[PDB]
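Next come the chains, spelled out residue by residue.
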2 protein chains.
Amino acid sequence: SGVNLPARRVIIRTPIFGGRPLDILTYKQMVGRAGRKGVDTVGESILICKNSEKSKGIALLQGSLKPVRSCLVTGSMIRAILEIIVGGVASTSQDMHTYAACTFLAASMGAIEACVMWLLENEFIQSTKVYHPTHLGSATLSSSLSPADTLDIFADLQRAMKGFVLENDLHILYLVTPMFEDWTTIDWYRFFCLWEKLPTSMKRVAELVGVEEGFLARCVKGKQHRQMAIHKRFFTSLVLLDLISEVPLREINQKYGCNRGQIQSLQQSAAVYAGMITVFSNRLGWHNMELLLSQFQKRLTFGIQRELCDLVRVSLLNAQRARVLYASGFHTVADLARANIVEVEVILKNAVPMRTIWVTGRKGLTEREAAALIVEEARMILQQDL
Amino acid sequence: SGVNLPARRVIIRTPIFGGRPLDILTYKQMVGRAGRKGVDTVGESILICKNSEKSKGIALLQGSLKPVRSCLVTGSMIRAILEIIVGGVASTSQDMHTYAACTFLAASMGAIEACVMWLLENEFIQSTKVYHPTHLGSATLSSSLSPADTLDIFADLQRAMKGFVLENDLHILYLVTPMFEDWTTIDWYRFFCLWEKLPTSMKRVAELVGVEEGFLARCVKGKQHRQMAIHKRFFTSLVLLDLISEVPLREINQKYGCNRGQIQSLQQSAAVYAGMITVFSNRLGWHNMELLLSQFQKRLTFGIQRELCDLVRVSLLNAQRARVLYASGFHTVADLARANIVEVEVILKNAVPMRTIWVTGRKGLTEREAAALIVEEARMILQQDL
Ligand SMILES: COc1ccccc1-c1ccncc1C(=O)Nc1nnc(OCc2ccc(Cl)cc2)s1
Ligand SMILES: COc1ccccc1-c1ccncc1C(=O)Nc1nnc(OCc2ccc(Cl)cc2)s1
């Protein structure tokens, strides 16, 4: 389902993918890559099946795509009703049913009343029965979060304001940690070990958010839907703690047991969540929390420290071409606009963990061209932003 | 002792000033204003005395200024020793006594050893006996605070990081509140009344810093050196709360019983203290507290809200020419650089609580000239800062 990568022959080892038969859409997506346009005369797809498996293989061969659905009480319809009401585009319930008469459900061929009742009973919307957005209802639509999740997000942030720990970045990370989902398979023993070795200030954040020690890779070590979601959020917030501490990905993998792809996926998800939480607090008139969260989206997107938050504005300074360029004295995009060209070439030549330097979207770049583009990007950034 | 304000005749009602005889330096300062240069031929000072008072009056007439002193264990010598050691200008104790051989005490004609011992026993300085600044010793010299006060300041900030209240500005104000000193005569009943009417979130900050209700304008209402310094800091932090809430000075005076001169003096002192605390946290590697405190110095210097923190950068927008200029849509020094000249003239003409507008250092300014200078200052600010 990703990038366009055609191959002359596509061999699909087994029709059973992950314990379940291969999806017909997935199978079509795979076999559509068989054959390079303008190079090959034909393209070949070979699905390797056997014995009984032969039946599922022939079903995939002769199958066709399933019809499209709507997926619309439900979270999607709640989101849609909130989106229209809070935007001011629809006010009366007659308009509310008119809107549902414009959806895919109306084209495929009660719920809106239930959605309006749920939004009214949860203080997302006020009734005068003209429906008007509240402050929480406006903040949910602004920070782009599901109204189902926004209730617990509001409760968590409101509890965090009452007591906050400013001597580390872990409390500002537990709030921007999205969830556990399935980003990794948490090892309980490993978690408990890390916990037994946290600073004298972390466990303060751990107990201020809900984590424990009697249930913190303990009971589950030798073997509750919210406490599981807290510890699996604490561990997740510990990993991000090492991501914003510029710990190398291999060290994070060794200490936590999660591979680098999972760590990168988690950091991207956490940066998205941090941006959403920042907007949510900004629209709610929470100035003492939005100010704290305003930098963690960048610090999680690039996995950096605060010092590099100005250097990573350059498109070619991710988290290691900016740290080696920061240690040499360049700590600001201003010092990098006139940064001696050949100098940054030498600095990028040093510290190796022709076009060896790889840039996202630029593929491989030679050291000289890489740092030349770095200084040019710094010049553009500081020149067009004022 | 203030500005140069000469008068033809200076009449000093009584030689007894504030229950004590008038200082000879103060008397000379008063009577030096008798006579305007280039206008009067002579100047007259008349000290009105009587009966016994006549003796103190004639003593003031025939008195002379006392000799200068040095005022240098003592807090001044501790400050001087810390200043030289942490600056790196002096390292060995031989150099430390050489420094004291350069002071006014050496010119007027043990202590340095006691000061070094006090700085060593309080972790301001490390001994290798070459003396080197620590992180706390470097942070004390950076944020310009007395090392005597910096210990309790460090303890208070360190306690605040563990538990902080971000849902109001009162916790960020209790840390930047200098002290009680004598800025006002606190009325206990009034204080207790205000306290009985605080938001459901203030008393959280009050109990997180040390304030109580059993002793909060209670016992002292019907009638301990630290609890007195906390409540007298809580009340002081409440007043500043109304100063940064843009409450009019007369309303603050009515609700708190402190006149406007005392309130302005307190707000200036608190802004100075906020700047010092911000630098102290900046040099200690406290990024989650320096970020919170980075705006309160301005918000206390001008007694404004956050929205006006960009408008008050203009020299002629204190806290009421910026609020009336903010309500009309100008919320940034960018919108005020091209702000229609005649438009801001009309806006300044409105909202009155020829040169009626008074500007600090510009004396009285006509509305047209005032807002013309306002837009010119905005242009200069946004033009020379990038
Ligand atoms: C909550 O918003 C986020 C902020 C940071 C990072 C991720 C998200 C996010 C996360 C999950 N799902 C969605 C979003 C999302 O992008 N929502 C957005 N809403 N507005 C945006 O700006 C676009 C824009 C701005 C101004 C104008 Cl005039 C027109 C368009 S982005
Ligand atoms: C703690 O510093 C404060 C900061 C804000 C407001 C009040 C104070 C304060 C309060 C009580 N006593 C003293 C101060 C004071 O100004 N100390 C200062 N130290 N350095 C400064 O900047 C001058 C400077 C800067 C850079 C160079 Cl290269 C040369 C000189 S000011």
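Procedures and definitions
- Here the numbering of residues is sequential along each chain, from 1 in written sequence order, and it may depart from the entry's numbering. Residues without coordinates do not appear.
- Chains and ligands are labelled by the order in which they are written, letters from A for the one and numbers from 1 for the other.
- Working note: chains shown belong to a larger assembly, and all values are for the shown part only.
- Side-chain metrics rest on all non-hydrogen atoms present in the structure, leaving aside hydrogens and water.
- Residues with missing side-chain atoms are left out of burial classes, side-chain pairs and their counts.
- Numbering of helices and strands starts at the N terminus; helices are DSSP runs of H or I of at least 4 residues and strands are runs of E of at least 2.
- For this purpose, a residue is taken to be near a molecule or strand whenever a single non-hydrogen atom of the residue falls within 4 Å of it.
- By the criterion applied in these results, polar contacts are pairs of N or O atoms within 3.5 Å in which, for protein atoms, one can donate a hydrogen and the other can accept it, and in which residues neighboring in sequence qualify only through two side-chain atoms.
- Polar here means any residue other than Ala, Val, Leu, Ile, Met, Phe, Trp, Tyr, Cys and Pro, which are nonpolar, and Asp, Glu, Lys and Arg, which are charged; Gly is therefore polar.
- The aromatic pairing rule takes the rings of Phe, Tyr and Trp, using the six-membered ring of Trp, and pairs them if the centres are within 6.5 Å, calling planes under 30 degrees apart stacked, those over 60 edge-to-face and the rest tilted.
- Burial status follows relative accessibility: with a 1.4 Å probe on protein chains alone, a residue under 20% of its type maximum counts as buried, one over 50% as exposed, and anything between as partly exposed.
- Take the buried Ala, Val, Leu, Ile, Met, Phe, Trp, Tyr and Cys residues and link them wherever side-chain atoms come within 4.5 Å; each set so joined is a nonpolar core.
- We call two residues in contact whenever any of their non-hydrogen atoms come within 4.5 Å of each other.
- Strands are treated as partners if at least two bridges between them are detected by DSSP.
- Buried area is calculated as the accessible area (1.4 Å probe) missing from two parts once they are joined, with the contributions of both summed.
- One speaks of a salt bridge when a side-chain nitrogen belonging to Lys or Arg is within 4 Å of a carboxyl oxygen belonging to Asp or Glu.
- Reported accessibility uses the Shrake-Rupley method at a 1.4 Å probe radius. Residues are deemed covered only where the shown protein chains occlude them.
- The atoms used to superpose the copies are the C-alpha atoms, and the fit is by least squares.
- Note on patches: the residues involved have over 30% relative accessible area and no salt bridge, like charges join within 9 Å, and the nonpolar side chains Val, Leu, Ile, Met, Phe, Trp and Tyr join within 5 Å.
- We score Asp and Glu as negative and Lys and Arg as positive, and we do not count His or the chain ends.
- A single reference atom marks each charge: NZ on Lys, CZ on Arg, CG on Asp, CD on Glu.

Participant: Lay out the overall build of chain A in plain terms, naming residues and giving numbers.
Facilitator: Broken down by element type, chain A carries 20 helices and eight strands. By principal-axis analysis of the C-alpha atoms, chain A measures approximately 70 × 65 × 55 Å.

Participant: Any details on the site of ligand 2? Residues and values, ideally.
Facilitator: Residue and element names in this part refer to chain B. Near ligand 2, the surroundings consist of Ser 143, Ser 144, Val 272, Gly 275, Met 276 and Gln 297. A distance of 3.4 Å separates a nitrogen atom of ligand 2 from a polar atom in the side chain of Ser 144. When residues of the shell around ligand 2 are assigned to their parent elements, the largest contribution, three residues, is made by helix α14 (residues 260–283). Class assignment of the residues belonging to the shell around ligand 2 gives a composition of two nonpolar, four polar and no charged.

Participant: Hey, could you go over the packing of aromatic side chains for me, with residue numbers and the actual values?
Facilitator: One pair of aromatic rings is described through two measures. These are the centre distance and the angle between the planes. Residues and elements named next belong to chain A. Under the definition given, this model contains 20 aromatic pairs over all chains. When the centroid spacing of 5.1 Å and the interplanar angle of 80° are considered together, the rings of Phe 235 and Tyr 256 count as edge-to-face. With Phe 235 in helix α12 (residues 227–244) and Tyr 256 in helix α13 (residues 249–256), this pair connects stretches of sequence that are 21 residues apart. Each member of the pair, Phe 235 as well as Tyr 256, is classed as buried. Judged by centre distance (6.3 Å) and plane angle (85°), the ring pair of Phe 280 and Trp 286 falls under edge-to-face. The residues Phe 280 and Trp 286 share a single accessibility class, namely buried.

Participant: Tell me about the nonpolar core, residues and numbers included.
Facilitator: Counting residues in hydrophobic clusters, the biggest one holds 161 residues, and the most contacted among them are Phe 164, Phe 234 and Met 289 of chain A together with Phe 164, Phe 234 and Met 289 of chain B. What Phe 234 of chain A contacts, discounting residues up to four positions off in sequence, is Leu 170, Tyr 174, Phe 191, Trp 195, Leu 198, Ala 206, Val 211 and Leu 216 of chain A. Counting residues in each nonpolar core, the second largest holds 28 residues, with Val 314, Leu 317, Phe 330 and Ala 371 of chain B among its members.

Participant: Help me get a handle on unusual backbone geometry, residues and values and all.
Facilitator: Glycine aside, the phi torsion of most residues is negative, and most peptide linkages are trans. Residue and element names in this part refer to chain A. The phi angle at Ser 144 is positive, at roughly 45°, despite the residue not being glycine. Tracing the chain through its elements places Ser 144 in the loop between α7 (135–142) and α8 (147–162). Overall, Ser 144 belongs to the partly exposed group, its relative accessible area being 44%. The residue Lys 363 is not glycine, and still its phi comes out positive at about 55°. The class for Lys 363 is exposed, based on a relative accessible area of 57%.

Participant: Any chance you could break down the pairing of strand β1 (residues 9–12) of chain A for me, citing the residues and the numbers?
Facilitator: Within a regular strand, side chains alternate between the sheet's two faces. Residues and elements named next belong to chain A. On β1, burial follows the alternation: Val 10 and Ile 12 on one face are buried, whereas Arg 9 and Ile 11 on the facing-out side are not. With four bridges connecting them, β1 and strand β4 (residues 44–47) associate as parallel partners. Looking at the pairing, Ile 12 lines up with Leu 47 of β4.

Participant: Explain the interface of chain B and chain A to me, using residue names and the numbers behind them.
Facilitator: Facing the 19 residues of chain B at the interface are 19 residues of chain A. Together, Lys 162, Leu 166 and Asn 288 of chain B form the three largest contributors to the area buried by chain B at its contact with chain A, with a combined 38%. A salt bridge links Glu 167 of chain B to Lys 162 of chain A, with the nearest nitrogen and oxygen atoms 3.6 Å apart. Applying the counting rule to chain B against chain A returns eleven residue pairs in polar contact. Of all the secondary structure elements, the ones that give two or more residues to the side of chain B that touches chain A are α8 (147–162), α11 (202–209) and α15 (287–293) of chain B. When residues of the side of chain B that touches chain A are assigned to their parent elements, the largest contribution, five residues, is made by α15 of chain B. Among the residues forming the side of chain B that touches chain A, the class breakdown is ten nonpolar, four polar and five charged.

Participant: Give a detailed account of the site of ligand 1, specifying residues and quantitative values.
Facilitator: All names here are of chain A. Lining the immediate environment of ligand 1, one finds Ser 143, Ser 144, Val 272, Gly 275, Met 276 and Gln 297. Taking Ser 144, its side chain carries an N or O atom lying 3.4 Å from a nitrogen atom of ligand 1. Bound to the protein, ligand 1 loses 32% of the 640 Å² it would expose on its own. Among the elements that take part in the shell around ligand 1, helix α14 (residues 260–283) stands out by supplying three residues, more than any other. Across the shell around ligand 1, the residue classes tally to two nonpolar, four polar and no charged.

Participant: A description of the relation of the copies chain B and chain A should follow, citing residues and the corresponding values.
Facilitator: Between chain B and chain A, which share one sequence, the superposing operator has a rotation angle of 180° and an axial displacement of 0.0 Å; the RMSD is 0.0 Å. With respect to symmetry, the two chain copies, as superposed, fit the operation of a two-fold axis. A share of 100% of interface residues in chain B that are also interface residues in chain A marks the association as one of identical surfaces.

Participant: Account for the pattern of salt bridges, with residues named and values stated.
Facilitator: Residues and elements named next belong to chain A. Applying the stated criterion to the full structure yields 24 salt bridges over all chains. In this structure, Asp 242 engages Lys 255 in a salt bridge whose closest nitrogen and oxygen atoms are separated by 2.7 Å. With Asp 242 in helix α12 and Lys 255 in helix α13, this residue pair connects regions lying 13 residues apart in the sequence. The exposure class of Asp 242 is buried, given its relative accessible area of 7%. Residues joined in a network through salt bridges with shared partners are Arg 8, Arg 9 and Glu 44.

Participant: Tell me about the side chain of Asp 40 of chain B, residues and numbers included.
Facilitator: Residues and elements named next belong to chain B. With respect to the helices and strands, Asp 40 occurs in the loop between α1 (24–31) and β4 (44–47). What makes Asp 40 buried here is its relative accessible area of 18%. Not counting the four nearest positions on each side in its chain, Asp 40 is found in contact with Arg 8 and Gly 35.

Participant: Break down the environment of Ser 108 of chain B for me, citing the residues and quoting the values.
Facilitator: Residue and element names in this part refer to chain B. Mapping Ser 108 onto the fold places it in helix α5 (residues 104–108). Here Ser 108 falls in the partly exposed class, since its relative accessible area comes to 45%. Polar contacts involving the side chain of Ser 108 include one to the main-chain carbonyl oxygen of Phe 104, which spans 2.7 Å.

Participant: Describe a negative patch on the surface, naming the residues involved and giving the relevant values.
Facilitator: There is a patch of like negative charges on the surface, built from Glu 196, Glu 207, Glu 212 and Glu 213 of chain A. Along the chain, the position of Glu 212 of chain A falls in the loop between α11 (202–209) and α12.

Participant: An account of a nonpolar patch on the surface is needed here, citing residue identities and associated values.
Facilitator: A contiguous nonpolar surface patch, about 340 Å² in accessible area, is contributed by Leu 382 and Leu 386 of chain A together with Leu 382 and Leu 386 of chain B. Of note, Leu 386 of chain B is situated in the segment after α20 (367–384).

Participant: Explain the side chain of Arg 299 of chain B residue by residue, including any values.
Facilitator: Residues and elements named next belong to chain B. As for its position among the elements, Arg 299 is in helix α16 (residues 296–301). Under the relative-accessibility criterion, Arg 299 is labelled buried at 4%. A distance of 2.3 Å separates a polar atom in the side chain of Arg 299 from a polar atom in the side chain of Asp 169. In terms of polar contacts, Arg 299 uses its side chain to reach the backbone carbonyl oxygen of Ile 244, at 3.0 Å. Those residues in contact with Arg 299 that lie beyond four places of it in its chain are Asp 169, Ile 244, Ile 304, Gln 305, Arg 306 and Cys 309.

The quantities given are spatial measurements derived from coordinates; they are silent on function.
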